[PDB]
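Only one chain comes next, encoded as structure tokens, the form deposited in one PDB entry.
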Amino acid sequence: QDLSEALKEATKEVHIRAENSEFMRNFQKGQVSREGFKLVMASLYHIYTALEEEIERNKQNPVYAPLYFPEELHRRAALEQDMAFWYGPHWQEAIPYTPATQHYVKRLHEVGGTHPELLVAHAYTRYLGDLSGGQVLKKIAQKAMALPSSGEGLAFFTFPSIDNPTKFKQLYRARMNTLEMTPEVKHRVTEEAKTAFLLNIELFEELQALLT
């Protein structure tokens, strides 16, 4: 198969499980509070920071380089605005850094530092959902918490350098399909995408526990 198809098939079952975690079921129903939302967003701040640091480190490596779209995709600067919005001018002192977020960040550093050929698993898992279902959660969050259409507090979910999320996803898939790909790399990429989903599920189960 093509790498973009392999990855979609490989993660379709775990996507179903992730969508139905308690935290995400509550989110989807509009039951997301400012408390829960700040927890998850601060956690994403550390995750995208590590992911994008490792993307920087490996930007010239042919095992990742074709997916190098900082201007279009990178989320850290957006996450920093959201952090100043949600936690105030001293957000760096204030934001939580949970065990599950730490675990996800540590795997991101291992992949980026020792297994860069798997980095595409982690970019795929985060960015492509951001450009899909993340747009649906954005509308739900705005309605649940009364966030203005103008976008404050939801910069993470807004891609000002992408005209069309769907056409962009399609370009990105096509580029994923030009990575030099052996059966070895392909097997391990799809397995690493399953682990990335699990890391997100464990984050959700932890935030949920923290909230109840």
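Definition used throughout: the rigid core is the maximal C-alpha set that superposes within 1.5 Å between two forms. The numbering used is simple: start at 1 and walk along the sequence shown.
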Inset, instruction - Between 77-85 and 90-98, name whichever shows the higher mean Cα B factor according to the PDB entry. - result: 90-98
Inset, instruction - Take the C-alpha B-factors listed in the entry for 66-74 and for 174-182, compute each mean, and give the stretch with the larger one. - result: 174-182
Legend entry - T166, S43, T49, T158, ranked by C-alpha B-factor: the highest one: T166
Legend entry - Entry-reported Cα temperature factor of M24, expressed as the chain third it lands in: highest
Legend entry - Chain third (lowest, middle, highest) by recorded CA B-factor, residue given as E9: highest
Inset, instruction - Looking at the entry's B-factor column for C-alpha atoms only, identify whether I162 ranks in the lowest, middle or highest third of its chain. - result: highest
Inset, instruction - Report the third (lowest, middle or highest) to which the CA temperature factor of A144 belongs, ranking only the modelled residues of the same chain. - result: middle
Inset, instruction - State the tercile, meaning the lowest, middle or highest third, of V32 with respect to the CA B-factors recorded for its chain. - result: highest
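Although not depicted, the form deposited in another entry is the subject of the following passage.
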Inset, instruction - Determine, with the core as the superposition reference, the one member of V105, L137, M83, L128 that shifts its CA by 2 Å or more between the shown form and the other one. - result: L137
Inset, instruction - Would you say whether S149 is displaced between the shown form and the other one, judging by a C-alpha shift of 2 Å or more on the superposed rigid core? - result: yes
Legend entry - C-alpha of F69 off by 2 Å or more between the shown form and the other one on rigid core: no
Inset, instruction - Indicate whether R25 shows a C-alpha shift of 2 Å or more between the shown form and the other one, with the rigid core used for the fit. - result: yes
Inset, instruction - Can you tell whether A155 sits closer to or farther from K29 in the other form than it does here, judged by CA atoms, where the change is 3 Å or more? - result: closer
Inset, instruction - Would you mind telling me if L154 and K29 are closer or farther apart in the other form than in the shown form, C-alpha to C-alpha, with a 3 Å or larger change? - result: closer
